[PDB]
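S.K.: I am attaching a structure below and will ask some questions about it afterwards.
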Amino acid sequence: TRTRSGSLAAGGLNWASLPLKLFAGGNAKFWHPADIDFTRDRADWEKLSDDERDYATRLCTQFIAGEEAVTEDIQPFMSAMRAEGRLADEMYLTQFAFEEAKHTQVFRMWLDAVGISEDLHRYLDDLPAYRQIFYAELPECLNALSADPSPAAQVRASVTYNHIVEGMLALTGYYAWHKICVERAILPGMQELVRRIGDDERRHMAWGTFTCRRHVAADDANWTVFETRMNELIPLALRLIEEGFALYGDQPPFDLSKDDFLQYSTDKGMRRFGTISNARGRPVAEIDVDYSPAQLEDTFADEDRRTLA
Amino acid sequence: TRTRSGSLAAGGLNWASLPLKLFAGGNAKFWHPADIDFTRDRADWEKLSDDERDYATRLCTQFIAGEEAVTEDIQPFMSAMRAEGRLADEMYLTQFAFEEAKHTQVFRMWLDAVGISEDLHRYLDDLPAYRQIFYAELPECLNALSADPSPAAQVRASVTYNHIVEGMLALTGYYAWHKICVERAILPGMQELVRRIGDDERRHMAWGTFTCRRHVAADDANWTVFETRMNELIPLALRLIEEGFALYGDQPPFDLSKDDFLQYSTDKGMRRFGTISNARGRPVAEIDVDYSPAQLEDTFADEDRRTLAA
Ligand SMILES: CCCCCCCCCCCCCC(=O)O
Ligand SMILES: CCCCCCCCCCCCCC(=O)O
Ligand SMILES: [Fe+3]
Ligand SMILES: [Mn+2]
Ligand SMILES: [Mn+2]
């Protein structure tokens, strides 16, 4: 079924290309889960109330279940790239998939360190919107790539995975861990965990930005494809946040505000249009070798850290 | 399409399971391609004959094409595990796949560091047996898993990928690099590269052993499946080595002996049979949590180093 090898081509691999830059950067930024000290977090964990632990278990459950979902649901995109003959994108997606496995590993290591061994499916039960995104929308949109690796489907898939799950919901998730851990000077492991995954997640967001950009740049009809999926998904994501808060009667532990999160989340969502729009008109041959989507993600992380202080 | 999350299960993930054990140690044994010093290599590379550089370029072309092939052809196996619902296997295979991309990366780094920018396809022209393994058997057998994730097909895929490509063809290639570099005290980059990817390869073969083992333990018909595939592939694998030597008149550069490599390859090939057969009769529940496929791969690698002192 194979007739040729990308790595045997003239000039070889293009080290300037966006997906290879991200790949090189993931190698330089690699971290070990065994290096995270978890030996302090159980002491903190027990000094919390029955209600504080309920929220934190429910957030961790949404995380690890979401981490697992992405480790699985990225394979079709890898398959699409193999089919499309894009070796650089393909190689990066291996690192992508591996990174998601490592996040799934490390959240499981935290649950074990705080001594949670019971079945956790019940924490997603009161969250019908969570399951709509992670058991339904994420895999169905991504698996559609196996039948239809069309530019339109790749955008719809990227929007769903990269821009909403990672770009909007995960960042919102991290903000929740900031409010829980940093403000109350607790759970140093979870903090180091959230830092380290946050780091990996930035190359992921960069990649989603790259993918949507190159498609928009080549055929401007795809902008509308991007727009529409974003518009379907934002209300669903906001809904997830509301349900999490409504469970605690809008007045939750850790002094968390419903409207604070809704404003914080929307900001992460809308900011995605800006990432993609500047590709309209630009030539594809520049989008390939353009590092900016990774830069944008650095300055986004920068702006986020500034906002906290 | 998803109804449950494996990581939310009671007891969580089984850290004792073989695929998670390899993942853990993959993390610990992670290496950076940017740590490998390639500077010294172009100095040695230019002090070689034309006949020497040809063989070395032909071996590297076969390697870097082989690495790329495995990076592509393993995605179906991931899909199979996703379908069979085996999370520990999935997780490991993501690291597996990533490793292959990093080997592809690092061979290309080498080719750059020595000054090779020409199209390298012309080096697989005279190797029809290479193109049969890597452009036909490997993808066609592995892509079969997307339509048919059955035990039989998984055994057939693992035999192709892990037991022959990795277990027999890759180790023979490493041996070639040993006889080329270590013996002639040249190419310290290629050397560091070869032992570093070798470290990864051992976990890949360990997984290959685990996969075939758990299928044979559960159904003894899968032994015959294993046996049949191995018997198909071995001849083709020796063919590859014979074609590669016959290009240099059986008398190639670096003083490489054809019969030496056939006997060396054969040994790597046959040892695979013994790796899987001891699972016959054994309980499947034991194999899931048994680390010996990774131990065996360590004692094999140790046995190989020892052989070299001769
Ligand atoms: C009320 C708190 C809202 C927090 C949202 C739930 C957290 C979901 C985690 C998102 C999954 C991350 C996937 C990834 O690693 O890219
Ligand atoms: C002339 C001697 C023949 C040398 C054997 C060709 C090289 C084997 C292909 C490399 C396969 C690598 C697969 C892997 O890294 O898992
Ligand atoms: Fe390998
Ligand atoms: Mn992640
Ligand atoms: Mn390899």
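By order of appearance in the structure tokens: chains A, B, ..., then residues from 1 within every chain, and ligands from 1 in the order shown.
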Would you list the contacts of region 244-261 of chain A as a list in words, taking every protein, DNA or RNA residue within 8 Å and counting only C-alpha atoms, but skipping same-chain residues closer than 3 positions in sequence?
M.R.: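 These residues fall inside the cut-off: residues 51, 52, 55, 126, 127, 172, 179, 180, 240, 241, 264 and 265 of chain A.
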S.K.: Write to file, as a PDB file, in the first residue's frame, the residues of the selection just made, with C-alpha atoms.
M.R.:
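Below is the file again37.pdb, written as the result:
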ATOM      1  CA  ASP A  51     -17.598  19.239  50.594  1.00  0.00           C
ATOM      2  CA  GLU A  52     -14.158  20.526  49.553  1.00  0.00           C
ATOM      3  CA  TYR A  55     -15.513  19.277  44.352  1.00  0.00           C
ATOM      4  CA  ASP A 126     -24.762  14.712  37.512  1.00  0.00           C
ATOM      5  CA  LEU A 127     -22.883  16.191  34.526  1.00  0.00           C
ATOM      6  CA  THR A 172     -10.818  26.640  32.687  1.00  0.00           C
ATOM      7  CA  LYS A 179      -8.074  28.733  42.785  1.00  0.00           C
ATOM      8  CA  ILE A 180      -8.062  25.482  44.822  1.00  0.00           C
ATOM      9  CA  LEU A 240     -20.767  22.086  31.494  1.00  0.00           C
ATOM     10  CA  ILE A 241     -19.470  24.798  33.837  1.00  0.00           C
ATOM     11  CA  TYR A 264     -13.010  33.361  32.345  1.00  0.00           C
ATOM     12  CA  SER A 265     -14.105  30.457  30.119  1.00  0.00           C
TER      13      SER A 265
END
S.K.: Residues at most 10 Å from residue 122 (chain B), counting only C-alpha atoms, excluding those fewer than 5 positions away in the same chain, as a PyMOL selection string?
M.R.: (chain A and resi 8) or (chain B and resi 58+61+127)
S.K.: Dump N, CA, C and O atoms for the selected residues as a compact mmCIF listing (two decimals), in the first residue's frame?
M.R.:
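So the final result, stored in part28.txt, reads:
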# COMPACT_ATOMS: atom_id res chain seq x y z
N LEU A 8 13.26 9.93 2.94
CA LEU A 8 14.23 9.67 1.87
C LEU A 8 14.20 10.75 0.78
O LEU A 8 14.96 10.69 -0.19
N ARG B 58 23.41 3.07 2.24
CA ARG B 58 22.38 2.08 1.91
C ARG B 58 21.76 1.43 3.16
O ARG B 58 20.58 1.06 3.15
N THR B 61 19.64 4.32 4.81
CA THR B 61 18.43 4.51 4.01
C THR B 61 17.40 3.45 4.34
O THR B 61 16.23 3.75 4.53
N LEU B 127 16.84 -3.48 -4.01
CA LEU B 127 16.43 -4.29 -2.88
C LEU B 127 14.93 -4.56 -2.92
O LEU B 127 14.19 -4.02 -2.09
S.K.: Extract, using only C-alpha atoms, all DNA, RNA and protein residues at most 12 Å from residue 98 (chain A), discarding same-chain residues fewer than 4 positions from it, and format them as a count of residues only.
M.R.: 37
S.K.: All residues within 8 Å of ligand 2 are required, counting only C-alpha atoms and all ligand atoms; please report them as a PyMOL selection string.
M.R.: chain B and resi 59-60+62-67+69-70+100+103+130+161-162+165-166+169-174+176+197+201+204+240-245+261
S.K.: Please provide the set of residues having any atom within 10 Å of residue 39 (chain A), restricted to only C-alpha atoms, with same-chain residues fewer than 5 positions apart removed, written as a VMD selection string.
M.R.: chain A and resid 110 113 to 114 187 to 189
S.K.: Residues of chain A no more than 7 Å from chain B, counting only C-alpha atoms: send them over as an MDAnalysis selection string.
M.R.: chainID A and resid 1:3 5 7:12 27:28 32 64:65 72 79 82 91 94:95 97:98 101 117:121 135:136 139:140
S.K.: Using only C-alpha atoms for the distances, tell me which of B:308, B:247, B:256, B:294 is nearest to residue 126 (chain B).
M.R.: B:247
S.K.: Skip residue 259 (chain B) itself and residues of its chain fewer than 5 positions away, then list as a ChimeraX atom specification all residues within 12 Å of it, counting only C-alpha atoms.
M.R.: /B:238,241-242,245-246,250-251,264-266
S.K.: Filtering to N, CA and C atoms, could you give me those residues as a compact mmCIF listing (two decimals), in the first residue's frame?
M.R.:
# COMPACT_ATOMS: atom_id res chain seq x y z
N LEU B 238 15.82 -13.24 5.40
CA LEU B 238 17.15 -13.67 4.98
C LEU B 238 17.41 -13.23 3.55
N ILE B 241 18.88 -9.72 3.42
CA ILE B 241 20.31 -9.70 3.72
C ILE B 241 21.16 -10.21 2.55
N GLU B 242 20.68 -11.25 1.88
CA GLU B 242 21.37 -11.84 0.73
C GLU B 242 21.41 -10.91 -0.48
N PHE B 245 23.96 -8.06 0.23
CA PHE B 245 25.35 -8.47 0.07
C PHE B 245 25.74 -8.71 -1.39
N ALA B 246 24.78 -9.20 -2.17
CA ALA B 246 24.98 -9.54 -3.59
C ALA B 246 25.18 -8.31 -4.48
N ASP B 250 28.91 -10.14 -3.03
CA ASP B 250 29.06 -10.90 -1.78
C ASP B 250 30.29 -10.53 -0.94
N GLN B 251 31.18 -9.72 -1.53
CA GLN B 251 32.40 -9.27 -0.88
C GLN B 251 32.34 -7.74 -0.75
N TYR B 264 23.83 -14.92 12.03
CA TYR B 264 23.46 -13.94 13.07
C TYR B 264 21.98 -13.57 13.06
N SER B 265 21.46 -13.32 11.86
CA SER B 265 20.04 -13.01 11.67
C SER B 265 19.21 -14.21 12.12
N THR B 266 19.52 -15.39 11.59
CA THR B 266 18.80 -16.61 11.93
C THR B 266 18.62 -16.79 13.43
S.K.: Do a neighbour search on residue 154 (chain B) at 12 Å with only C-alpha atoms, toss out local chain neighbours closer than 2 positions, and write the hits as a PyMOL selection string.
M.R.: chain B and resi 74+76-81+84+141-152+156-162+208-216+222+225-226+229
S.K.: Measure the distance from CA of residue 115 (chain A) to CA of residue 42 (chain A) in Å and round it to one decimal.
M.R.: 7.6 Å
S.K.: Applying 8 Å and only C-alpha atoms, which residues near region 283-296 of chain A remain after dropping the ones on its own chain fewer than 5 positions away? List them as a PyMOL selection string.
M.R.: chain A and resi 16-18+21-22+202-203+206-207+209-210+213-214+217-218+275
